[PDB]
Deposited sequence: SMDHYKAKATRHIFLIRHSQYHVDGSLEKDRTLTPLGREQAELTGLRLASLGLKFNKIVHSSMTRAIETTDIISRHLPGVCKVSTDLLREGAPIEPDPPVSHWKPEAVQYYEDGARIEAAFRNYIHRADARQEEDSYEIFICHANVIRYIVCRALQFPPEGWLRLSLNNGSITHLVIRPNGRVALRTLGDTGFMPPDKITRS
């Protein structure tokens, strides 16, 4: 169980990886989703809406692929409120930047996963639209797995990862990197 964790209720955390995008955009402006990526986000959006859950929020960063993945999914989840955060931004001396980028991933974990809400009386269902690296960090961290193994988790574009966090901080992984709802010819990791 996560240490120093008390919540009022159970929290269901859904971590969605960005869909495929033009990684060769000169400026962020240009790193939009590929046509395949747009279809992926659509499929992830239909899947999420089909769950019969009233989601509490969709948290995401300000990167072009993040905003675009979010926009598409969000149209399937009418009324669910969106929250922009730069703790989910993926960075782009070099060495000092990278340390800082890593520290931000931990802050993301701390701020959004390890921290529970006092207002929250009942079970919550929370979506986070993220880059691969923050998902796999969050998974290892919440599950108390060796952080050195985070890169052993291979997350498809648009995939859904579901963690369950009980009031006493016991955590269960119900699924990781699910793209079972996409036709196999639509699945990508880049």
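Unmodelled region of the deposited sequence, numbered from residue 1: 93-104 only.
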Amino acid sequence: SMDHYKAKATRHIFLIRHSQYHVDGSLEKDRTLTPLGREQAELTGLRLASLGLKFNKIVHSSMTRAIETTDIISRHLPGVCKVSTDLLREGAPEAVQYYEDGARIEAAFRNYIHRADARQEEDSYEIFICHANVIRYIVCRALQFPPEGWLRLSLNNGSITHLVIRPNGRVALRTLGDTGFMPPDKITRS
From here on, numbers count along this sequence of modelled residues.
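As listed in the deposited structure, the average C-alpha B-factor of 100-108 and of 79-87 is greater for 79-87. Here 149-157 and 49-57 are compared by their mean Cα B-factor, and 49-57 comes out higher.
Taking only the listed residues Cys130, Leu33, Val164, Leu43, the entry reports the highest CA temperature factor at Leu33. In this PDB entry, the Cα temperature factor of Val23 sits in the top third of its chain's modelled residues, the highest group.
Remark: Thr69 belongs to the middle third of its chain, ranked by C-alpha B-factor as recorded.
In the PDB entry, a CA B factor belonging to the middle third of its chain's modelled residues is recorded for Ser124.
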